[PDB]
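Participant: Chains as they are written, first to last, in the deposited numbering: chain A, 98 to 337; chain B, 195 to 291; chain C, 31 to 49; chain D, 50 to 97.
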Amino acid sequence: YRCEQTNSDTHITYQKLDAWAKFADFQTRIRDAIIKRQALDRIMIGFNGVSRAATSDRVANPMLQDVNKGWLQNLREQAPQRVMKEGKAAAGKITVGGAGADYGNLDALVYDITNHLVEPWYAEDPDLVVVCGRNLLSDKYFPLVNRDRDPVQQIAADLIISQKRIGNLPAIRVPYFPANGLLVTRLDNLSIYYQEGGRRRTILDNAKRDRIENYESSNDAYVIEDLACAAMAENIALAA
Amino acid sequence: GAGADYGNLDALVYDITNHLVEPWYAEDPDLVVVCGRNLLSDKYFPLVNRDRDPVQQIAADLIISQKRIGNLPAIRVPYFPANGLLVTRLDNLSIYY
Amino acid sequence: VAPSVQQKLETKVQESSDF
Amino acid sequence: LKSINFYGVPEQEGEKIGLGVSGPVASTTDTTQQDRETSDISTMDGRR
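#1: Please say whether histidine 108 of chain A and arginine 308 of chain A have beta carbons closer to each other than 7 Å?
#2: With DSSP collapsed to three states, give me the class of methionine 141 of chain A.
#3: The stretch 250 to 276 of chain B: which residues have C-beta closer than 9 Å to a C-beta of chain C, in chain order?
#4: So is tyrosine 98 of chain A buried or exposed if we call it buried at 16+ other beta carbons inside 10 Å?
#5: For the alpha helix (DSSP H) that contains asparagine 212 of chain A, what are its first and last residues?
#6: At 4 residues or longer, what runs of the alpha helix (DSSP H) sit wholly inside the stretch 213 to 237 of chain A?
#7: Please confirm whether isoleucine 131 of chain A has its beta-carbon closer than 7 Å to some beta-carbon of chain C.
#8: Kindly give me the distance between the Cβ atoms of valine 242 of chain A and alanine 220 of chain B, rounded to whole angstroms, as I take these residues to be in contact under 8 Å.
#9: Does DSSP put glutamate 174 of chain A in a helix, a strand or coil?
#10: Taking 8 Å as the limit between beta carbons, can you name the residues of its chain near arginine 139 of chain A, skipping five residues before and five after?
#11: Does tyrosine 208 of chain B pass the burial test, meaning 16 or more other C-beta atoms within 10 Å, or should it be called exposed?
#12: Output yes if chain A places a C-beta closer than 7 Å to the C-beta of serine 76 of chain D; else output no.
#13: Does the stretch 62 to 78 of chain D come close enough to the stretch 148 to 165 of chain A that 3 or more CB-CB pairs lie under 8 Å?
#14: In the DSSP assignment, find the unbroken beta strand (DSSP E) run with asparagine 243 of chain B in it and report its ends.
#15: Please list, in chain order, the chain C residues whose beta carbon lies closer than 7 Å to that of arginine 173 of chain A.
#16: Which whole-angstrom value describes the C-beta separation of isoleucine 257 of chain B and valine 227 of chain B, a residue pair presumed to lie in contact below a C-beta threshold of 8 Å?
#17: Please confirm if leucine 233 of chain B has its CB atom under 7 Å from at least one CB of chain D.
#18: Would you say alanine 276 of chain A and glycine 230 of chain A are within 7 Å of each other, going by their C-beta atoms?
#19: Using three-state DSSP, classify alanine 327 of chain A as helix, strand or coil.
#20: Determine the DSSP secondary structure at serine 259 of chain A, reduced to helix, strand or coil.
#21: Find the nearest neighbour of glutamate 216 of chain B within the set C:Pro33, C:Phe49 and C:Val43, judged by alpha-carbon distance.
#22: How many angstroms separate the CA atom of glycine 184 of chain A from the CA atom of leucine 214 of chain A?
#23: Would you kindly work out how many angstroms separate the C-alpha atoms of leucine 172 of chain A and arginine 179 of chain A, rounded to a whole number?
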């Protein structure tokens, strides 16, 4: 793993600072916001980073797919049998029980991943969780209530919706996760290896361009501690 | 009634909450569903109309006891639009006089 | 001409990142 | 109506402006033949 450099960089033009000069704390607040953004952006790469291009195109890959290798890409490179790219005899994707029969609901798909892709001694780890975004989890609980259930089943469906577990594993809300994707791993199995001493933070008052700049080069690496317990599925064609 | 387009009203409330409401406020415990009294009546009506079994009847009574819709408390409000349904924490709504 | 539009400043809260 | 908020605003009109960011800010650039082109994402939009 190469803890390679990420160039986070924010400039505040003098015009924006001046035109909003009435709000005394204006400047400070944007700093707070950008700090929050940066942290969020961090984890965003960790799941959308497909590669590290020498130049970042904010228009071609607004998901930051070319800034580093997120944990998901590490799976797609090292141990690509963990990455269930396609389902059983589907067409370049994983269909669900809507199209005939393949993994039925999402519960069976995560169950199969847990007992066929995660290593045996981790498949029964109590700490194993399932990272998912907003579309798949919400749309997984959706057919609990969209089926016109009876009152007992409606009480049960409300309870199941309360319990965020996918299949039998606790689920984790994660922004900017690649939709139609699912990760099964331990949160202790994921790590940021940043180079100590790689904080090239600097605050430049670039009058030559009339902007308050701020550079943070950060050497980081999205690394999975062990691939024994890091499985995933791609293209979960969740039919509706 | 026809096909499967948000099924019963609770499915619609769930989709509205988890696709339109901000993903981080989607689970604020005070997120209440504001809808007219008549709408709640018409959605809880099938629980007692379709001739369900007695144990399903006691379950239905339990649900009707819970004003909760979708999975969210429902606020019965007068003069609300027919065939409409708002969802928001009741501290979003301000009157600036 | 027309009254000044008084303005406050709300910080738009980002997605929570406790992950 | 006891749950609605009542604020005594001393002006007919007015706005509250939300101070967001226009998305991702962190990227990477090889400075061998390039600059670390810094971009502003800070956006703000207001309700009236």
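Cβ atoms here follow ideal geometry from the backbone N, Cα and C, with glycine treated the same way.
Facilitator: The relevant details are as follows:
#1: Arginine 308 of chain A is a Cβ neighbour of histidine 108 of chain A, given a cutoff of 7 Å.
#2: Shown here, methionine 141 of chain A sits in a helix according to DSSP, grouped into three states.
#3: Those residues of the stretch 250 to 276 of chain B that come within reach of chain C (Cβ to Cβ, closer than 9 Å) do not exist; the list is empty.
#4: Label assigned to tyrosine 98 of chain A: exposed.
#5: Counting along the chain, the alpha helix (DSSP H) containing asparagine 212 of chain A begins and ends at 203 to 213.
#6: Within the stretch 213 to 237 of chain A, the complete alpha helix (DSSP H) runs of at least 4 residues fall at 217 to 220.
#7: The C-beta of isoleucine 131 of chain A comes no closer than 7 Å to any C-beta of chain C.
#8: Not a contact, Cβ separation roughly 15 Å.
#9: Helix at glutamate 174 of chain A.
#10: A distance below 8 Å between beta-carbons, with the five flanking residues on each side excluded, links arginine 139 of chain A to the following residues of its chain, in chain order: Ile289 and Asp317.
#11: With 16 or more neighbouring CB atoms inside 10 Å of its own CB, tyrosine 208 of chain B falls in the buried class.
#12: Judged by the 7 Å Cβ criterion, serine 76 of chain D is in contact with chain A.
#13: Per the Cβ contact rule, the stretch 148 to 165 of chain A is in contact with the stretch 62 to 78 of chain D (3 or more Cβ pairs under 8 Å).
#14: Boundaries for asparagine 243 of chain B: no beta strand (DSSP E) harbours it, while the alpha helix (DSSP H) harbouring it runs 240 to 243, taken from the DSSP string.
#15: The premise fails here: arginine 173 of chain A is roughly 21 Å from chain C at the closest Cβ pair, so nothing lies under 7 Å.
#16: The beta carbons of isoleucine 257 of chain B and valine 227 of chain B sit about 15 Å from each other, so the pair does not count as a contact at 8 Å.
#17: For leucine 233 of chain B, no Cβ of chain D is located within less than 7 Å of the residue's own Cβ.
#18: With contacts defined by Cβ atoms closer than 7 Å, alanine 276 of chain A and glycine 230 of chain A form a contacting pair.
#19: Correct three-state label for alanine 327 of chain A: strand.
#20: DSSP, reduced to helix, strand and coil, places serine 259 of chain A within a helical segment of the structure shown.
#21: If we check each option's Cα against that of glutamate 216 of chain B, C:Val43 comes out closest.
#22: Near 13 Å, if we compare the C-alpha coordinates of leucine 214 of chain A and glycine 184 of chain A.
#23: About 7 Å.
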